Amino acid sequence: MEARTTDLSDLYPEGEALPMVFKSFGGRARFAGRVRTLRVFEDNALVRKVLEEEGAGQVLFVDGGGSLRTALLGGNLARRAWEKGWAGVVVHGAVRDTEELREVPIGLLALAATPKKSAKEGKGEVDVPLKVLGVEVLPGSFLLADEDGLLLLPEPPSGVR
Amino acid sequence: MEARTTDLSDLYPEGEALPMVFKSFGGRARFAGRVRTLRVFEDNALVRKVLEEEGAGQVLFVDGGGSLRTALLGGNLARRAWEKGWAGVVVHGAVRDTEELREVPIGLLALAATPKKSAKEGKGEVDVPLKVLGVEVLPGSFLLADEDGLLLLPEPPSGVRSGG
Amino acid sequence: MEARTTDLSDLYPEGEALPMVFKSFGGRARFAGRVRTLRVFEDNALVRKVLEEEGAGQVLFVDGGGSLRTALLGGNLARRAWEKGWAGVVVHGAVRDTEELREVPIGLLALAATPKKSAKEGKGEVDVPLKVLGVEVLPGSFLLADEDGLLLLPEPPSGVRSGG
Ligand SMILES: [Cl-]
Ligand SMILES: [Cl-]
Ligand SMILES: [Mg+2]
């Protein structure tokens, strides 16, 4: 999982990639892990719930509908995720506490930073197929991320034998 | 560190907010002040006239229709705004002389830098309600700007705790 | 690297200019050169064929239609262009190997990085007028690029062409 997205894409042409239109807010720019999808819209109740779970080196892919109106994740939630073992969080939307996010040694990608907090109701769906920028994000897939963007693979890269 | 867009957003749910989708070109990443508005399109004679007015504790929000064709503010106006005391300028549009803007100790946000200068016929409106990226910006509101974005309050923070 | 896009824009009002909406991936954000154009869609065989020629202080302007699905340029080709003397490559589309690109001392502007390499079927148009962000880019023109944006002139400034 330490190969580059560019090199692995070359080996796995069928693997779906996403351009780096996200800003790297976290301490780690390169990260990877089994994906877990979440779809919401200006409400992060489910985001907090899911990250409180055990990370186990997985990557949370949040699809906030690309909205920049509210932040789906902040410093507090970022630190929790890190203490829970998550490799990283990818947000198709906004986040906040830019200064605090940079301190957390995990992957944190988002379209932009935005002031307001999201609502805390709980609308949204977990572990469901996603569609971000014309690409399918499927539960159980392995996400790879670096400076050149993201790569979703059906199985972690190998090389052992 | 001091006031923040985020904290104050929590304390003031009625405030309007804009994501940090502007590039920071000024010497100050963080600034705030009483809002002064302006609407123009590829013409900045009004920008020069208004920034010449005393801007102590104020923030000029320039709605350029989002155009990136011409610059509404260059090195000269940036320095002028500073000499006149402006706390900052927010441009929904473009600016130029980025190397010079960076050296002026005022806040300066814009969508992008561009080479061409703006016309100077003087078309535009002063201190009128603006609608930027879905958010209404009003002359007389208080603006806060930092790395997390822009917060617009109907008036500055009211001491209902000890200050904010 | 020399003459500023802002100063020359003032001097040559008729010239065409583009805002700095590109990310500077190369080791030099300032560069200039005679323009060579190319319009392709997620295919980079022609881009490779072109940059494999003597660069001689020219700038290649690739119009990938703005797509960010595949990279029109990688590290090997970027370094190749550099060794061929190309002054820089402007890509209205995406590139990859950003880590390697930062190490290539020529202009390398693009909208974004993306993992997928492009197809190599070789389709596209070489040295034809281009239409990037409402501005026309003509092959033969002289391009200047810096932090303030891109300026296209009919001939190099009153300097000595090649680099400004
Ligand atoms: Cl100016
Ligand atoms: Cl440079
Ligand atoms: Mg009151």
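What you see below is based on every heavy atom in this structure, not just the backbone, and it leaves out hydrogens, waters and symmetry mates. Proteins come first, then strands; the chains are lettered A, B, ... in the order of their sequence lines, and each starts at number 1.
One finds the CZ atom of A:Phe31 at 8.5 Å from the CD1 atom of A:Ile106 (value rounded to the nearest 0.5 Å). Distance CG/B:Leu51 to CD/B:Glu83: 11.0 Å, rounded to 0.5 Å. Rounded to the nearest 0.5 angstrom, B:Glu54 CD and B:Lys84 NZ are separated by 4.0 Å. Here the straight-line distance linking atom OG of A:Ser24 with atom CG of A:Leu108 works out to 8.0 Å at 0.5 Å rounding. Taking OG of C:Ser9 as the start and CZ of C:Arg4 as the end, the distance is 13.5 Å to the nearest 0.5 Å. Between the CD atom in C:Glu136 and the CG atom in C:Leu133 there is a gap of 13.5 Å [rounded to 0.5 Å].
Residues C:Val128 and C:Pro139 form no side-chain contact, since every pair of their non-hydrogen atoms from C-beta on lies 4.5 Å or further apart. Within the 4.5 Å cutoff, the side chain of B:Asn44 has no heavy atoms near those of the B:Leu46 side chain. Side-chain contact between C:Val62 and C:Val90 is absent, with no heavy atoms from C-beta onward closer than 4.5 Å. With contacts defined as side-chain heavy-atom distances shorter than 4.5 Å, the pair C:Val40/C:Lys123 does not qualify. Between B:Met20 and A:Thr114 the shortest side-chain heavy-atom distance does not fall below 4.5 Å. Looking only at side-chain heavy atoms (C-beta outward), C:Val137 and C:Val35 come within less than 4.5 Å of each other. Residues A:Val95 and A:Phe25 are in side-chain contact: their nearest non-hydrogen atoms beyond the backbone lie under 4.5 Å apart.
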**OP:** Test side chain to side chain contact (heavy atoms under 4.5 Å, CB included) on A:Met1 and A:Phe142 and set out the steps.
**Re:** CA-CA 9 Å; A:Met1 63 172 260; A:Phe142 191 79; 3.5 Å; yes
**OP:** Decide yes or no on side chain to side chain contact (heavy atoms under 4.5 Å, CB included) for A:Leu143 and A:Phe61, but give the supporting numbers first.
**Re:** CA-CA 9 Å; A:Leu143 181 166; A:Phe61 196 120; 3.8 Å; yes
**OP:** Go through the steps for A:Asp7 and A:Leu11 under the test side chain to side chain contact (heavy atoms under 4.5 Å, CB included), then give the verdict.
**Re:** CA-CA 7 Å; A:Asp7 295 307; A:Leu11 279 192; over 6 Å; no
Subject >> Derivation and outcome, side chain to side chain contact (heavy atoms under 4.5 Å, CB included), residues B:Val91 and B:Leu109 >> reply: CA-CA 6 Å; B:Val91 182; B:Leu109 309 183; over 6 Å; no
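Without hydrogens or angle criteria, B:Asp63 side chain to B:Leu38 main chain gives no donor-acceptor distance under 3.5 Å. When atom types are taken as modelled, the side chain of C:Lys116 and the backbone of A:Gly15 share a donor-acceptor pair closer than 3.5 angstrom. Between the side chain of C:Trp86 and the backbone N or O of C:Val59 there is no donor-acceptor pair closer than 3.5 Å. Using modelled atom types, no side-chain atom of C:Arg102 and backbone atom of C:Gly27 make a donor-acceptor pair closer than 3.5 Å. Not one N or O on the side chain of C:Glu103 forms a donor-acceptor pair closer than 3.5 Å with the backbone of C:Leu101. In this structure, the side chain of A:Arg96 engages the main chain of A:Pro115 through a donor-acceptor pair within 3.5 Å.
Residues C:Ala32 and C:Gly164 approach most closely at CB-N, 4.1 Å, considering heavy atoms. Residues A:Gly93 and A:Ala110 come closest through the heavy atom pair O-CB, 3.7 Å. In plain terms, the two heavy atoms of C:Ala17 and C:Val135 that are nearest each other are O-CG2, 3.5 Å. The two residues B:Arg36 and B:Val50 have their closest heavy-atom pair at NH1-CG1, 3.4 Å. Residue B:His92 comes nearest to B:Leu111 through the heavy atom pair CD2-CD1, 3.7 Å, listed as atom of the first residue, atom of the second, then distance.
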Which atom pairs, donor and acceptor, lie under 3.5 Å between side-chain atoms of residues 65-81 of chain C and protein residues at least two apart or in another chain?
{"from": "C:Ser67", "atom 1": "OG", "to": "C:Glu42", "atom 2": "OE2", "distance (Å)": "2.5"}
{"from": "C:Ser67", "atom 1": "OG", "to": "C:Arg69", "atom 2": "N", "distance (Å)": "3.2"}
{"from": "C:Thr70", "atom 1": "OG1", "to": "C:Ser118", "atom 2": "OG", "distance (Å)": "2.8"}
{"from": "C:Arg79", "atom 1": "NH2", "to": "C:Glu100", "atom 2": "OE1", "distance (Å)": "2.5"}
{"from": "C:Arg80", "atom 1": "NE", "to": "C:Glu52", "atom 2": "OE2", "distance (Å)": "2.9"}
{"from": "C:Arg80", "atom 1": "NH2", "to": "C:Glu52", "atom 2": "OE2", "distance (Å)": "3.1"}

For residues 146-153 of chain C, run the donor-acceptor check on the side chains, cut-off 3.5 Å, and write out each pair with its distance to 0.1 Å, sequence neighbours left out.
{"from": "C:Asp146", "atom 1": "OD1", "to": "C:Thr5", "atom 2": "OG1", "distance (Å)": "2.7"}
{"from": "C:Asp146", "atom 1": "OD1", "to": "C:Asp148", "atom 2": "N", "distance (Å)": "3.0"}
{"from": "C:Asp146", "atom 1": "OD1", "to": "C:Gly149", "atom 2": "N", "distance (Å)": "3.4"}
{"from": "C:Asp146", "atom 1": "OD2", "to": "C:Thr5", "atom 2": "N", "distance (Å)": "2.9"}
{"from": "C:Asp146", "atom 1": "OD2", "to": "C:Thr5", "atom 2": "OG1", "distance (Å)": "3.1"}
{"from": "C:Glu147", "atom 1": "OE1", "to": "C:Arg30", "atom 2": "NE", "distance (Å)": "2.9"}
{"from": "C:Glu147", "atom 1": "OE1", "to": "C:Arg30", "atom 2": "NH2", "distance (Å)": "3.3"}
{"from": "C:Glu147", "atom 1": "OE2", "to": "C:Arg30", "atom 2": "NH2", "distance (Å)": "2.8"}
{"from": "C:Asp148", "atom 1": "OD1", "to": "B:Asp97", "atom 2": "N", "distance (Å)": "3.0"}
{"from": "C:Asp148", "atom 1": "OD1", "to": "B:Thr98", "atom 2": "N", "distance (Å)": "2.8"}
{"from": "C:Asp148", "atom 1": "OD1", "to": "B:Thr98", "atom 2": "OG1", "distance (Å)": "2.8"}
{"from": "C:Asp148", "atom 1": "OD2", "to": "B:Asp97", "atom 2": "N", "distance (Å)": "3.4"}

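By the 6.0 Å contact criterion, NZ on B:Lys131 is open, its count of non-hydrogen atoms from other residues, nucleotides or ligands being 12 or less. Atom CD of B:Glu125 has more than 12 heavy atoms from other residues, nucleotides or ligands within 6.0 Å. For B:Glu2, the CD atom sits in a loose shell: 12 or fewer heavy atoms of surrounding residues, nucleotides or ligands are nearer than 6.0 Å.
A salt bridge does not link A:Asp10 with C:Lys117: every distance from a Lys NZ or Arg NE/NH1/NH2 to an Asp or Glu carboxylate oxygen is 4.0 Å or more.
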